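First come two forms of one protein chain, each written alone as structure tokens, so that there is a structure 1 and a structure 2.
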Structure 1
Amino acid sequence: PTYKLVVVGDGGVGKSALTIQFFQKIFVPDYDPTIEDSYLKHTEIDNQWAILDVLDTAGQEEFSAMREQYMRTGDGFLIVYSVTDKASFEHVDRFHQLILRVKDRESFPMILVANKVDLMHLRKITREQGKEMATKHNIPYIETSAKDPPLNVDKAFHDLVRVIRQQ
């Protein structure tokens, strides 16, 4: 049993830092913005084991054969924005629309991820706005931090698996 998950969002919001924290349990700062890898691990979620196949998307400018196949065959999406980056929040609508267009569905497993909440002196998008926008798309909302010690990183990926299993 494999779940194919896709992490999407504007550049610089922490998709790589979240994915690396989830798989390798380390915080990698300033990770190369252009590397797009997928990662697989065998893990236990609610006493049910599964292989998690996670694509860390990078560089939506040019065509990515990797991203094309994961977007088409993916089982769930994490939509990440940074609470310190207003534009990454505003583009949540674009990613949401794109996922439903590719899947040709009125709804699909996704979770809205508000990252970098450890940066309390820089926070621009309030928790209210985030919950508002998740409510608007009728998807779950979770706040995360990839910096040690990490906040809700495992829970974000596991909750997406839970959404997929509860269809």
Structure 2
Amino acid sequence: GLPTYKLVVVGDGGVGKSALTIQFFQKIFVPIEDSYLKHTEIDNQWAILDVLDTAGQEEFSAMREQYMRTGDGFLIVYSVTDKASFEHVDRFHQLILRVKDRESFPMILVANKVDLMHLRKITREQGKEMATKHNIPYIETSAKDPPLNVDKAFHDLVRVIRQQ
């Protein structure tokens, strides 16, 4: 069948992992334990996306490493209003690279909640520096209607996987 990409959304609790996933699959924002399946055409090439919306809790090491092993690409999401979620980007990138036993792997740093500009604590420049440090692309998103770069984040991840 069509090429299948297993995309895994990781990040601290409350950063907007589910809101981004639901916006991407249902085009809704309302403030399902299975991974989500859809067809999508990216750069005139149809594909099947299999998207796992992870839980921001500590979870279990066995369950966590398992879905990291099966992922073809990862979105590392933080909230621009949450400093701790931004600092934990280093932990998510290192942990996924450790599981993969790789120096690099298709991932994109996602700075979510950029609509909350008066609560924003992580600047765009801080976000780009973080992405540059980890050698991954940077994109700013908002899952609140009207959504910002939600489709682009997932599609660009597939593009990275394709150009890997």
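Counting starts at 1 with the first residue of structure 1 and goes up one by one along its sequence. Between two forms, the rigid core is defined as the largest C-alpha subset superposing within 1.5 Å. Residues that one form lacks are left out of the comparison.
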{"property": "Entry of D104, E132, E44, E61 that shows, once the rigid core is matched between structure 1 and structure 2, a C-alpha shift of 2 Å or more", "result": "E61"}
{"property": "Cα displacement of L151 between structure 1 and structure 2, core-superposed (Å)", "result": "0.1"}
{"property": "Angstrom shift of the Cα atom of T73 between structure 1 and structure 2 (superposition on rigid core)", "result": "1.0"}
{"property": "Shifted regions of at least three residues between structure 1 and structure 2, judged by C-alpha displacement of 2 Å or more after core alignment", "result": "35 to 37, 59 to 70"}
